[PDB]
Ligand SMILES: [K+]
Ligand SMILES: [Zn+2]
Ligand SMILES: [Zn+2]
Ligand SMILES: [Zn+2]
Ligand SMILES: [Zn+2]
Ligand SMILES: [Zn+2]
Ligand SMILES: [Zn+2]
Ligand SMILES: [Zn+2]
């Protein structure tokens with residue numbers, strides 16, 4: 001359940017969740033002095049029993065607290081985009097914001113729900129994506145490139 | 001009241017107490033999300049009031065918890081002796097052990 | 001001469017702020033001779049105001065003691081140089097340092113407040129007659145806070 | 001969905017091998033592991049190479065891996081079916097534990113047999129009452145079945 | 001541009017921003033690195049109390065400039 | 001001196017010792033670094049469980065040798 005993302009430099013084990021083995025998503029510390037993802041440790045309390053997994057001390061839903069100091073230092077760690085050609089780095093914090101406008105990202109089409117690279121979705125109006133809306137040359141009517149064949153009924157433009 | 005000592009490399013800001021400005025003795029963290037010595041923050045709630053010193057946010061005796069994770073990390077930092085011509089280096093943990101058997 | 005004070009001293013001696021000067025007395029290590037400059041776009045342009053700052057036995061658990069030893073026409077500063085400032089007036093934090101105090105004093109000169117006054121007479125004129133109160137502030141700057 | 005935990009663990013087992021423990025995933029199933037552990041030093045089993053088979057259930061790591069010996073081994077805590085009487089695998093499993101720590105414990109178990117908490121009752125009984133004979137048969141079983149494979 | 005900020009404790013944080021960033025944003029980017037909510041921040045620069053709506057270019061802040069953080073002006 | 005120890009999660013730490021140290025005080029240096037109390041630690045090396053009474057030189061441990069730490073709750 002933790003932060004699954006390529007860190008560079010790679011994640012120091014102090015921010016590594018000993019259950020899921022990732023960057024600590026909503027990090028929580030135990031009284032015995034343990035760092036876990038809230039979600040992970042709370043399942044470990046559910047299915048494995050009421051104990052800290054690492055030292056066999058006693059543990060419960062209540063007495064764990066959020067390590068807010070550790071969580072912020074976590075989101076400041078530099079990470080790489082997870083789309084193909086990205087070649088770019090940023091703080092983990094703004095991975096989400098960057099994936100919106102990744103240069104090399106893949107975005108399904110508004111019109112054709114065929115997935116398309118962000119660079120080329122700009123070029124995916126002029127060159128017809130198969131449901132893109134052509135404007136008749138020499139009669140001036142709006143129709144969807146899918147339905148051309150039937151518009152060839154209606155270029156008998158009176159006066 | 002925090003760990004007054006020559007750290008080497010020198011103490012980084014994350015283990016420094018905003019109140020005393022020294023290594024976090026028996027560190028405690030707020031739910032607000034910052035750190036203080038147990039003694040120091042508890043004195044800040046005695047006198048300066050029920051607030052976090054660094055944010056003006058709510059803070060009570062109850063919701064302070066010990067950042068035990070931080071405390072080790074701190075005791076694992078290497079430090080120098082404080083008697084005159086010593087120059088021995090060690091993990092902070094055994095500073096008191098060494099100053100019992102120290103030279104000057 | 002407790003550690004918090006010593007570190008804080010040599011911290012602000014090495015990192016001095018634009019137009020804030022603060023040095024301990026040779027005699028007492030808790031008494032600081034302070035001068036803060038009149039800020040940019042302020043009524044007090046070109047002014048150099050002395051201050052007596054002192055650290056009490058309590059410090060840092062209590063706020064420092066601060067007075068203006070130069071006369072200044074200002075609705076939050078009385079004729080004795082006593083100061084109405086949130087930090088050291090009432091709710092204080094032991095996180096705060098001399099550095100932050102002195103900055104907040106500077107920030108007070110940048111934003112005079114008639115609605116949270118100490119000098120009741122000044123703030124009255126400051127609210128109803130801003131223009132004149134500012135001109136008097138400038139006049140007091142020029143008479144008292146130059147070449148001292 | 002081949003959960004990161006398992007993957008991360010897998011490529012560490014190959015890259016940072018524990019001395020005398022080999023563990024590789026099956027070419028078909030990523031959760032199934034062909035293991036070989038060495039008969040440890042000064043033991044009954046020294047010189048031995050023992051095949052085991054370890055499998056990760058879908059619960060993992062919230063439930064323990066299921067592992068058995070495929071090689072025949074005279075040991076009070078391993079039955080004829082190759083099931084192992086070792087706490088880690090029974091109750092009070094912990095999701096902090098990893099495959100490495102399982103296999104290391106099995107290696108340890110070969111150095112330190114336990115007749116008092118038996119599984120092969122015939123063997124443990126032998127081990128308590130006549131230890132030298134049991135240990136000598138142990139080296140022979142090692143010799144017959146855990147060399148040249 | 002990279003600009004310096006001194007928190008209450010005295011240690012120095014450096015932040016990446018451009019001149020068309022509002023103070024609002026600077027306080028939000030301070031919050032992310034120090035946990036102090038935007039309400040509870042007051043930034044001083046060159047003895048001037050910086051306001052939320054306006055931008056870095058409105059106070060002509062340049063590269064390598066040091067902002068200073070203090071607590072909210074809650075006069076009493 | 002300066003021995004290696006692989007904790008439960010995979011972390012590799014280093015501990016300064018001398019050969020005539022007991023396993024007991026080694027397990028103490030683990031607790032100081034990693035929070036696990038000595039009662040819950042089990043130390044493995046070349047497939048042997050290291051016992052609390054004996055020393056490191058009694059098991060022929062040396063420079064840069066990697067101990068492995070695992071958990072207890074045994075005999076089940
Ligand atoms: K930390
Ligand atoms: Zn986790
Ligand atoms: Zn624990
Ligand atoms: Zn990208
Ligand atoms: Zn399309
Ligand atoms: Zn047409
Ligand atoms: Zn302190
Ligand atoms: Zn010494």
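Please go through region B:21-54 and give me each residue that is touching a strand residue (DSSP E or B) at 6+ places or on another chain (Cβ under 9 Å), within 22 Å of residue B:94 (Cα to Cα), away from chain A (no Cβ under 14 Å) and surrounded by 20 or more Cβ atoms within 10 Å (Cβ to Cβ), ordered by number.
B:22, B:23, B:37
State which residue is surrounded by the fewest Cβ atoms within 10 Å (Cβ to Cβ) when the search covers only region A:55-67 and only residues that are in contact with a strand residue (DSSP E or B) (Cβ under 6 Å, 6 or more places away or on another chain) and within 12 Å of chain B (Cβ to nearest Cβ).
A:66
If the Cβ limit is 6 Å and pairs must be 6+ apart or interchain, which residue in region A:15-37 that is touching a residue at least 60 places away in the same chain (Cβ under 8 Å) pairs with which residue that is more than 15 Å from ligand 1 (Cβ to nearest atom) and not in a loop (DSSP other than H, G, I, E, B)?
Between residues of region A:15-37 that are touching a residue at least 60 places away in the same chain (Cβ under 8 Å) and residues that are more than 15 Å from ligand 1 (Cβ to nearest atom) and not in a loop (DSSP other than H, G, I, E, B), the close pairs are A:23/A:3.
Please determine, by comparing only the residues of region B:68-104 that are in contact with a helix residue (DSSP H, G or I) (Cβ under 6 Å, 6 or more places away or on another chain) and within 27 Å of residue A:36 (Cα to Cα), which one is surrounded by the most Cβ atoms within 10 Å (Cβ to Cβ).
B:74
For residue E:57, which of the numbered conditions (1) surrounded by fewer than 16 Cβ atoms within 10 Å (Cβ to Cβ); (2) within 19 Å of residue C:107 (Cα to Cα) fails to hold?
(2)
Only one of these conditions is not met by residue C:73: (1) within 28 Å of residue B:18 (Cα to Cα); (2) crowded, with 20+ Cβ neighbours inside 10 Å; (3) away from every other protein chain (no Cβ under 11 Å). Which number is it?
Of the numbered conditions (1) within 28 Å of residue B:18 (Cα to Cα); (2) crowded, with 20+ Cβ neighbours inside 10 Å; (3) away from every other protein chain (no Cβ under 11 Å), the odd one out for residue C:73 is (1).
Examine region C:58-65 for a residue that is without any contact (Cβ under 8 Å) to a residue 12 or more places away in the chain and more than 7 Å from every other protein chain (Cβ to nearest Cβ), and state whether such a residue exists.
For region C:58-65, residues without any contact (Cβ under 8 Å) to a residue 12 or more places away in the chain and more than 7 Å from every other protein chain (Cβ to nearest Cβ): present.
How many residues are surrounded by fewer than 21 Cβ atoms within 10 Å (Cβ to Cβ), within 11 Å of chain B (Cβ to nearest Cβ) and in a loop (DSSP other than H, G, I, E, B) when one looks only at region C:76-100?
The qualifying residues number 2.
Taking region D:14-34, which residues are over 22 Å from residue D:139 (Cβ atoms), in contact with a strand residue (DSSP E or B) (Cβ under 6 Å, 6 or more places away or on another chain) and in contact (Cβ under 8 Å) with a residue 40 or more places away in the chain?
Result: D:23, D:33.
Take the residues in region A:105-142 that are touching a helix residue (DSSP H, G or I) at 6+ places or on another chain (Cβ under 9 Å) and in a strand (DSSP E or B); name whichever of them is nearest to ligand 2 (Cβ to nearest atom).
For region A:105-142, the residue satisfying everything is A:106.
Condition first: farther than 18 Å from residue B:94 by Cα and either more than 9 Å from ligand 7 (Cβ to nearest atom) or crowded, with 22+ Cβ neighbours inside 10 Å (or both). Now tell me which residues in region B:1-14 satisfy that.
Matches in region B:1-14: B:12, B:13, B:14.
Which one of these does residue B:98 not meet: (1) more than 16 Å from ligand 8 (Cβ to nearest atom); (2) more than 12 Å from every other protein chain (Cβ to nearest Cβ)?
For residue B:98, the exception is condition (1).
Of the residues in region F:32-54, how many are more than 11 Å from chain D (Cβ to nearest Cβ), buried (at least 17 other Cβ atoms within 10 Å of the Cβ) and in contact with a strand residue (DSSP E or B) (Cβ under 8 Å, 6 or more places away or on another chain)? Talk me through it step by step, then tell me what you get.
Here is the first cut: in region F:32-54, the ones more than 11 Å from chain D (Cβ to nearest Cβ) are F:32-35, F:37-39, F:41, F:52-54.
Now drop any that are not buried (at least 17 other Cβ atoms within 10 Å of the Cβ), which leaves F:33-35, F:41.
Then drop every residue that is not in contact with a strand residue (DSSP E or B) (Cβ under 8 Å, 6 or more places away or on another chain), which leaves F:33-34, F:41.
Count: 3.
Considering only region D:29-57, how many residues are touching a helix residue (DSSP H, G or I) at 6+ places or on another chain (Cβ under 9 Å) and in a strand (DSSP E or B)?
7
Quick check on my filter: what residues within region A:1-50 are under 17 Å from residue B:68 (Cα atoms) and over 27 Å from the mean Cα position of the chain (by Cα)?
Listed by number, the residues that qualify are A:30, A:31, A:32, A:33, A:34.
Taking only region D:22-57 into account, find how many residues are within 14 Å of chain F (Cβ to nearest Cβ) and loosely packed, with under 15 Cβ neighbours inside 10 Å.
3
Yes or no: region A:68-78 includes at least one residue that is within 16 Å of ligand 4 (Cβ to nearest atom), touching a strand residue (DSSP E or B) at 6+ places or on another chain (Cβ under 6 Å) and not assigned by CATH to the domain that holds residue A:128.
Of the residues in region A:68-78, the ones within 16 Å of ligand 4 (Cβ to nearest atom) are A:78.
Retained after the next criterion (residues that are touching a strand residue (DSSP E or B) at 6+ places or on another chain (Cβ under 6 Å)): A:78.
From the residues that got through so far, the ones that are not assigned by CATH to the domain that holds residue A:128 too are A:78.
There is at least one residue in region A:68-78 that is within 16 Å of ligand 4 (Cβ to nearest atom), touching a strand residue (DSSP E or B) at 6+ places or on another chain (Cβ under 6 Å) and not assigned by CATH to the domain that holds residue A:128.
So residue A:157 fits all but one of (1) in a loop (DSSP other than H, G, I, E, B); (2) within 16 Å of ligand 4 (Cβ to nearest atom); what number is the exception?
All conditions pass for residue A:157, except number (2).
For region C:101-126, which residues satisfy the criterion of being in contact (Cβ under 8 Å) with a residue 24 or more places away in the chain, more than 7 Å from every other protein chain (Cβ to nearest Cβ) and part of a loop (DSSP other than H, G, I, E, B)?
C:112, C:114, C:117, C:118, C:119
All of this is worked out from the model, or read from it or from the source named; no laboratory instrument gave them. Neighbour counts are summed over all protein chains in view; Cβ atoms, including those assigned to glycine, are modelled from backbone coordinates with ideal geometry.
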